[PDB]
Protein chains: 2
Amino acid sequence: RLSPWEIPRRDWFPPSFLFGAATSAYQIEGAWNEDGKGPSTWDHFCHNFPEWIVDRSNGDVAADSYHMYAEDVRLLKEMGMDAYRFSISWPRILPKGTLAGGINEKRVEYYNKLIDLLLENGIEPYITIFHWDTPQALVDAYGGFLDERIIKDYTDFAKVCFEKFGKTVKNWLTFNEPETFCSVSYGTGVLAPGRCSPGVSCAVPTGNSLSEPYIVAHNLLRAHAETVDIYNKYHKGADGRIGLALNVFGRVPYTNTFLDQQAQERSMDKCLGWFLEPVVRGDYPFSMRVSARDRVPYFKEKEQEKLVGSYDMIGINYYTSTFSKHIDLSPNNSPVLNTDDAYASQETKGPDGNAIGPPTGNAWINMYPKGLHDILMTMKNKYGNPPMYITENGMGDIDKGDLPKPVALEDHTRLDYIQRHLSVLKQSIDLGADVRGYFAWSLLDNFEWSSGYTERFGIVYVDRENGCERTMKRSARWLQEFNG
Amino acid sequence: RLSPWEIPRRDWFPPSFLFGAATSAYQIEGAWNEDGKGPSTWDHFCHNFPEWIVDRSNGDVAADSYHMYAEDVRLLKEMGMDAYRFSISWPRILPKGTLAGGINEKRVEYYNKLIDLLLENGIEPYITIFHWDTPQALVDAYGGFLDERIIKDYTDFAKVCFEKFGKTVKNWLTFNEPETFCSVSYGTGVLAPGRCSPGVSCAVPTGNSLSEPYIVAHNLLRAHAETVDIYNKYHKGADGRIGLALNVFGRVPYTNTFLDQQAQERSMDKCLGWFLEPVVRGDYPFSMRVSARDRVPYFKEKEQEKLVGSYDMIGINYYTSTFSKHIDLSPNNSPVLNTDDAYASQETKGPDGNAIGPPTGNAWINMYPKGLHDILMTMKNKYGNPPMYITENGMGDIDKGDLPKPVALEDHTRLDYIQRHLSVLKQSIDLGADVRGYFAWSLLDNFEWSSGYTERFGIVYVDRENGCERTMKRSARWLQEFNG
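The name that the PDB entry assigns to chain A is DHURRINASE, with the source organism given as Sorghum bicolor. Per the header of the deposited record, the title is "Crystal structure of the Sorghum bicolor dhurrinase 1". UniProt annotates chain A under Subcellular location (unreviewed entry) with the comment "Plastid, Chloroplast". Its UniProt record gives chain A the following Subunit (unreviewed entry) comment, quoted word for word: "Homo- and heterodimer."

In structure tokens form, the structure reads like this:
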């Protein structure tokens, strides 16, 4: 699609730049109740509310990476990847969610095998501690992230990870996509545990879409601050680094008018700022407090001190952008979802009737690589230009049982998507943004949450009817050439 | 103090550009109970609360312009001024504030004589309908601007002005400095009627500094919308124009940090935006509603339609600027004055310990001509670049009762102030700002509200102990030369 001379080459990027791919434990591992592993909220959701997954599927087997992790490493090595981002399953390590319930040795051994194999192959592990898979035992006990009790259990889990793996792993991310986790698991309720306000359509409409996202977010940020403190004190040493990975939608003012520019700013605050401003300066964005008032908790003095500057790097998970269009404050508008607190509607079509960019396959990923540049300029100019990694970037191909393997392997849309994003990343780095790596989402076709297996995001095809055998797609073959 | 080659020349400005001076009725007229004139809130305030004026004075005589108006016109003509901005005293036209109480024909004749003499001399009248002098009879009846009944009475007053003077006068301003009027008469209570919350230091501490300024503002804007509708329907004809004159403090972010930039924007919204956004788009700035919530009234549908675009020109009254410094939203901060709703402290000293600019004489006007440029760029780029006039610009010399006349005449500080603001104005017009005229505040030394006669703002000296005899100061002689 790009002309030949516009296709990125490896030396567009610094020799120390990292190219990798990313996965998460629930989406790839399978072995959901094997070797002493406890259930997560995702196990519980899929098994009890199968109707809330598009194809009524689950992650019981997924891409079977608990058993096939050696294939994963082989593929990464053959492609010449420098790094691999994966997550650790909390209830695989602590089946009851707590230290008191005991550490699952077989779970520790699995990640040790994977880390060893990566390192022996010269691939640097970037580990996500939490990727949405809360131990169901903690939900049973106290509602999981809805209660401040989560903070101690999360930090004990992270501490175990640092103890078992920290000698070998020097790059850690506490939380993946906290905004999505909060807004979509507790607001719209699409993701486990599937909670929302009465009247909102989700599996468990006995929550509160205005309050619970903020509660969960607050406990998450408190857990982040404590964990980074423990890391810095006992595990960082000379070379360790810890941060978190934020999803960020690009937001473009619906018009270049002050009302919609204001809406765009409230929208950036409500997605990026909600988590970035706490770790940058120790509190939530002003716009979030002045809007949502008492629904936004306050950090304690000691926590706050720990929160300020609690990162060595920031992960950016980038998929798409929308226009942001102003909504007036009036007796006629009452927020229903936490995201309504931004007083903005997120439009995929602009005022000239055009989509922001073309669809890539699924319901929401529109192609808009410029949005990545806009976000990186914000990071550079507004928030101090911290070290950054694009910790996820990718898109999905629809497979409703209809898609022949040869067609799925010829993933030209994804190849073009990746090339165009790498082109904009080069432009951003040339403009001074401190980006140091890029990870494709995903290494593998996997369980796409509430879409089940109907969306294939992998650069590697996973054939679930043939023992999850892996085959590189055209995108993976290009990355292989690109990496040399 | 500017070098000789930096002093503005008349040809820096377009041939059609207007140079004038400005006054207001209570500050210059005197004749406070003459020829059937009714009392205003300012008559009442000075007569009942002398201790709340710095020198315990009043405007009973002022500059005696009721009798000496021919001198005022002679001075304007001798200086080569193109235009004169003055105000009409509501209770001089309607002694009881209402149509029903009758029109004071001696009052009407006075303004007719002034208008006629201005026109005979080629000087264009710009008339301010209301400059803070509410008929005290309306306060007795219903609390004046605190009640929506003010709207009908104001529009009836304005209709009388249009009917009597509209054939001769083609340039009208409904209200002067609505922000100062609201914030300072009903918030800090420094100006008549001198109201503020209990615990705040003012003459009448039985008001509400959080709610009253918004009430007065809302009624004023409703009155404005109705008046412009009447003007457009019955009086505008081919050449008439109507607008309003806004005081605008320049605001500079305390640091170039997002928090203080956000604070600067809130501050601009709370001063300029409070009145400009209603007439430009039909509602108050979002930041003002999200902050002050139920204390900000909503316009009715029909009013709102009349409010949108209710101006042919905007007057800017510019004196000084401050830094704006962010205040966090927390349980530790509780607004007391309406201006606290901006969550910003206005600082005269910046982070490096330096004043924003040097004092000019009185307690608040610091020399910062660049702030005028910042404001004009905002009007150009954000609010559509409407036709604008600098309807006031000036500063005061302190006179503690002793100031030698020969010293008062040699007003080097004022001359420098005027020359420097004219130079910045030239830069702004070259950059595309649609400014069409400049009016020095003031033609005459006058009653400076709660400072009484302790501050002389005139380009013309007024000798109150010698029959209010007028003498041109150095600044006036310069203007005379400049206008040729």
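After that view of the structure, there is still more to cover.
*Asks:* So what's going on with the overall build of chain A? Which residues, and what values?
*Replies:* When helices and strands are tallied, chain A shows 16 helices and 15 strands. Since a compact globule built from 484 residues should have a radius of gyration of about 23 Å, the 21 Å found for chain A is in line with a globular shape. Principal-axis analysis of the C-alpha atoms places the extent of chain A at approximately 60 × 60 × 50 Å. Long-range contacts, defined as pairs at least 24 residues apart, comprise 75% of the intrachain contacts of chain A with a sequence gap of at least 6.

*Asks:* Got a sec to walk through the interface of chain A and chain B? Specific residues and values, please.
*Replies:* Many analyses report the size of an interface as the accessible area lost when the parts associate. Contact with chain A, which involves 21 residues of that partner, is made by 21 residues of chain B. Both faces combined, the contact of chain A with chain B buries some 2000 Å², and carbon together with sulfur accounts for 64% of it. A per-residue breakdown of the area chain A buries against chain B is headed by A:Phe258, A:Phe286 and A:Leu329, which together make up 35% of the total. Inspection of the region where chain A meets chain B yields two salt bridges. Taken together, chain A and chain B are joined by nine residue pairs in polar contact. At the level of elements, α10 (258–281) and α11 (286–292) of chain A are the ones that each hand at least two residues to the side of chain A that touches chain B. The element contributing the most residues to the side of chain A that touches chain B is α10(A), with six residues. Taken together, the residues that form the side of chain A that touches chain B break down as ten nonpolar, four polar and seven charged.

*Asks:* Before we move on, can you summarise the pairing of strand β7 (residues 313–317) of chain B with the specific residues and values?
*Replies:* Residues and elements named next belong to chain B. Counting buried positions over the five residues of β7 gives five, a clear majority of the element. With burial as the criterion, each face of β7 is covered, one bearing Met313, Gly315 and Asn317 and the other bearing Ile314 and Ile316. Bridge count for strand β5 (residues 241–247) against β7 is five bridges, and the pairing is parallel. Across the sheet, the residue bridging to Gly243 is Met313, located in β7. Pairing geometry for β7 and strand β10 (residues 388–392), over four bridges, is parallel. Its bridge partner being in β10, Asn317 is matched across the sheet by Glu392.

*Asks:* Run through the relation of the copies chain A and chain B, naming residues and quoting values.
*Replies:* By a simple turn and slide, chain A fits onto chain B: the slide is 0.1 Å along the axis, the RMSD is 0.2 Å, and the turn is 179°. Classification of the inter-copy transformation places it as that of a two-fold axis. When C-alpha distances to the rotation axis are compared across chain A, the minimum falls at A:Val290, with a value of 3.1 Å. Interface residue correspondence from chain A to chain B reaches 100%, placing this contact among same-surface, isologous pairings.

*Asks:* Residues and numbers for the nonpolar core, please.
*Replies:* B:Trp42, B:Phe145, B:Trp172, B:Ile314, B:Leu425 and B:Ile459 are the most contacted members of the largest nonpolar core, which has 133 residues in total. Broken down by element, this core gets its largest block of residues, ten residues, from helix α9 (residues 212–234) of chain B. In contact with B:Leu425, other than residues within four places in its own chain, are B:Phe13, B:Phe17, B:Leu372, B:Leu376, B:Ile390, B:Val435 and B:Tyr438. Residues A:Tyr66, A:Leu246, A:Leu376 and A:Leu422 belong to the second largest nonpolar core, which totals 131 residues.

*Asks:* Give a description of the state of the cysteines that names residues and reports values.
*Replies:* Here a disulfide denotes a covalent bond joining the sulfur atom of one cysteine to the sulfur atom of another. All names here are of chain A. Scanning the entire structure with this criterion turns up two disulfides over all chains. The disulfide partner of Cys196 is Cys202, and the S-S distance across this bridge is 2.0 Å. Residues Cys196 and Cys202 are joined through a disulfide that is left-handed, its torsion about the S-S bond being -100°. Residue classification places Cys196 among the buried positions, given a relative accessible area of 0%. Unpaired in terms of disulfides, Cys46 finds its nearest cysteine sulfur in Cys202, a separation of 15 Å.

*Asks:* Go over the pattern of salt bridges with me, naming the residues and quoting the values.
*Replies:* Residues and elements named next belong to chain A. According to the stated counting rule, one finds 65 salt bridges over all chains in the structure shown. When the shortest N-O distance is used, the salt bridge between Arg281 and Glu277 registers 3.6 Å. With a gap of four residues between them, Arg281 and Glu277 both fall in helix α10, about one helical turn apart.

*Asks:* Tell me about the UniProt feature "active site" (unreviewed entry) in chain A, and please be specific about residues and values.
*Replies:* Residues and elements named next belong to chain A. When the UniProt feature table is mapped to this numbering, "active site" (unreviewed entry) covers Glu392. Mapped onto the elements, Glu392 comes out in strand β10 (residues 388–392). Classification of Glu392 as buried rests on a relative accessible area of 2%. Once residues within four sequence positions are removed from consideration, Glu392 is found in contact with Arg85, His131, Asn176, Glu177, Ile316, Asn317, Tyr318, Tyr319, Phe439 and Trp441.

*Asks:* Residues and numbers for the sheet that holds β7(B), please.
*Replies:* Residues and elements named next belong to chain B. Sheet architecture is closed into a barrel: eight strands sit in the order β1-β2-β3-β4-β5-β7-β10-β12, paired in parallel fashion. With direction set aside, neighbouring strand axes in the sheet form an average angle of 25°. Along the sheet face, helix α15 (residues 412–430) touches β1 (18–22), β10 and β12 (435–441) and points at about 170° away from the line of β12.

*Asks:* Explain unusual backbone geometry to me, using residue names and the numbers behind them.
*Replies:* Here the bond from B:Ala192 into B:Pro193 is cis, since omega is 5°, no more than 30 degrees from zero. For the bond running from B:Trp441 to B:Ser442, omega is 10°, close enough to zero to count as cis. With respect to the helices and strands, the residue B:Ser442 is situated in the loop between β12 and β13 (455–456). The phi torsion at A:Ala31 lies on the positive side, around 50°, for a residue other than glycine. Mapped onto the fold, A:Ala31 is located in the loop between α1 (25–28) and α2 (41–48). For A:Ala31, a relative accessible area of 7% translates into the label buried.

*Asks:* Just give me the short version of the environment of B:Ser185, but keep the residues and values in it.
*Replies:* All names here are of chain B. Following the sequence through the fold, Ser185 ends up in helix α8 (residues 178–186). Each C-alpha atom, one on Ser185 and one on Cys202, is 9.7 Å from the other, the two residues being 17 residues apart in sequence. For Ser185, the residues in contact, after removing those within four places along its chain, are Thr180, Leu191, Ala192, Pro193, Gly194 and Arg195. A distance of 2.8 Å separates the side chain of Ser185 from the backbone oxygen of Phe181, its partner in a polar contact.

*Asks:* Before we move on, can you summarise the side chain of A:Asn219 with the specific residues and values?
*Replies:* Structurally, A:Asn219 can be placed in helix α9 (residues 212–234). Residues contacting A:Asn219, with those up to four places away along its chain left out, are A:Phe145, A:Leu146, A:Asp147, A:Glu148, A:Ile150 and A:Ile151.

*Asks:* I'd like to hear about the packing of aromatic side chains, residue by residue, with values.
*Replies:* According to the stated counting rule, one finds 89 aromatic pairs over all chains in the structure shown. Taken together, a centroid distance of 6.4 Å and an interplanar angle of 85° make the contact between A:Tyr254 and A:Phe323 edge-to-face. Placement of the pair is A:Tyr254 in the loop between β6 (250–253) and α10 and A:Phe323 in strand β8 (residues 321–326), with a sequence separation of 69 residues. This pair shows no difference in class: A:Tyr254 is buried, exactly as A:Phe323 is. With a centroid separation of 4.8 Å and an interplanar angle of 35°, the aromatic rings of B:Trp132 and B:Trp449 are classed as tilted. Note that B:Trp132 is positioned in the loop between β3 (124–130) and α6 (136–142) and B:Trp449 in the loop between β12 and β13, a separation of 317 residues in sequence. Comparing B:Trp132 with B:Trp449, the two get one shared label, buried. Put simply, the rings of A:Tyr26, A:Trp42, A:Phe45, A:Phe49, A:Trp132, A:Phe447, A:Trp449 and A:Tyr453 touch in pairs and so form one group of aromatic residues.

Rules behind the numbers
Residue numbers count from 1 along every chain, following the sequence as written rather than necessarily the entry numbering; any residue without coordinates is not displayed. All chains are assigned letters beginning with A, and all ligands numbers beginning with 1, in the order in which they are written. Side-chain metrics in this entry use all non-hydrogen atoms of the structure; hydrogen atoms and water are not considered. Residues with missing side-chain atoms are left out of burial classes, side-chain pairs and their counts. UniProt positions are given in the numbering used here, feature names are shortened, and annotations may be inferred rather than shown by experiment. Labels follow the DSSP assignment, with helices taken as runs of H or I lasting at least four residues and strands as runs of E lasting at least two, numbered in each case from the N terminus. We take the radius of gyration over the C-alpha atoms and set the globule estimate at 2.2 Å times the residue count to the 0.38 power. By the convention used here, residues are in contact when the closest approach between their heavy atoms is within 4.5 Å. Buried surface area refers to the total accessible area, computed with a probe of radius 1.4 Å, that the two partners give up upon joining, counted for both partners together. The salt bridge definition used is simple: a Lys or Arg side-chain nitrogen within 4 Å of an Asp or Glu carboxyl oxygen. Here a polar contact is taken to be a pair of N or O atoms separated by no more than 3.5 Å, where protein atoms must pair a possible hydrogen donor with a possible acceptor and residues adjacent in sequence count only if both atoms sit in side chains. Polar here means any residue outside two lists: the nonpolar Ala, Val, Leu, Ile, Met, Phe, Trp, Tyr, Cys and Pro, and the charged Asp, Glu, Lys and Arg; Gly therefore counts as polar. Each residue is placed in one exposure class: buried if its accessible area under a 1.4 Å probe, protein chains only, is under 20% of its type's maximum, exposed if it is over 50%, and partly exposed if it falls in between. Paired strands, as defined in this entry, are two strands with at least two bridges between them according to DSSP. For this overlay, the copies are fitted by least squares on their C-alpha atoms. What we call a nonpolar core is a set of buried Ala, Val, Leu, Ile, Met, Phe, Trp, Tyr and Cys residues that are connected through their side-chain atoms within 4.5 Å. Note on terminology: disulfide denotes any pair of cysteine sulfur atoms within 2.5 Å. As a rule, the C-alpha atoms of each element are fitted with a line to give its axis, helices using only the stretch in contact, and angles between N-to-C directions run from 0 to 180 degrees. For this analysis, a ring pair means two rings from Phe, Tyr or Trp (six-membered ring only for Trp) whose centres lie within 6.5 Å, classed as stacked if their planes differ by under 30 degrees, edge-to-face if by over 60, and tilted for the remaining angles.

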